[PDB]
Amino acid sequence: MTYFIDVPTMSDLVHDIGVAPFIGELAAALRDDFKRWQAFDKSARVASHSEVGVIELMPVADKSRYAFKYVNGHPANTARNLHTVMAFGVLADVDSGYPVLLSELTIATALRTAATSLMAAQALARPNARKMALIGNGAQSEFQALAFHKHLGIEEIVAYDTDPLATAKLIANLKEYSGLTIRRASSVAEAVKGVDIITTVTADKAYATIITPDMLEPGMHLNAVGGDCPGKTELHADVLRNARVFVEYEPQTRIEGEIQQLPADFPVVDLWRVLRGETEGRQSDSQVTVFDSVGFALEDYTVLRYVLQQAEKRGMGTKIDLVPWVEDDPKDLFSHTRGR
């Protein structure tokens, strides 16, 4: 009983639920899981670096369920008509090790990342937010835009991308949402002027200063999503020093996040503690808050469980023979060598 949800099936699932509800429901599910932070067997994801990218495995588990996601990060892929980010994952039973679900996670990753950013913003950004800058208008952009528009009251988005066609795509994809205005800016500095939230989702395997100190205004919240690997950043180190920085899983973020540019003792705040109301999140209206996001296995665990439950209710997905199921003699593996 290993169920498989491929790309087109996930497409039908997301279409059925709706992108907005999917993100909203997922953010709520993520919030609850983050509150249960200490119940999970956590670890920094394993990364295998190459010349133009990275391939990583992201495991996590509690006492009953195990989950992991395979994911790559190759910014140069788009030049070859491939996605910068591709992923898939598995949800398994802890007491038997049996893989219950194998699922595409490329579409799901964009959804969980948007939901995670939304969850963090709901807890860290000023409640009156209405304008957001969206730097990087690629694969993640539409999801981030909708998450903030439908669930955080963002009515206006000022977008910028080195690739003008990417911005055109973003505007065209969301035009159907009349309550949301999205306009193209000629530069990052122009896009971020006067915004309440800055979301960065650029893809470039190198140290970059997308956001510089001069762009910061009192009360801003920075949703820094693009940088997510050692040697891959989007914020100038001083931007972090002028803000209260929040992270997912500190041990991993110290190596892959924006904070990799600062001393190992630079103070950061664990988001799960804020969500439990045990540690202060935003401390004032003038403060600048930064969500140093790199992605963490727990978020994939949440979306995998969500997808399994939602697909089950809709009778979606197909069964595959990935590993042996129950057998008369589980010690007779050799019998399988005689052919099906």
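Each residue number is its position in the shown sequence, starting from 1.
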| query | finding |
| --- | --- |
| Stretch with the higher entry mean CA B-factor, where the candidates are 125-133 and 219-227 | 125-133 |
| Residue range whose averaged C-alpha B-factor is higher in the record, 277-285 or 305-313 | 277-285 |
| Residue of maximum C-alpha B factor among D265, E248, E104, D196, per deposited coordinates | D265 |
| C-alpha B-factor winner, where the candidates are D161, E142, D238, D93 | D238 |
| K69 CA temperature factor, ranked by third within the chain | lowest |
| Third of the chain, ranked by Cα B-factor, where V52 sits | highest |
| Lowest, middle or highest third - CA B-factor, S293 | lowest |
| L174, C-alpha B-factor rank within chain (lowest, middle or highest third) | middle |
| B-factor third for the C-alpha atom of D33 within its chain | middle |
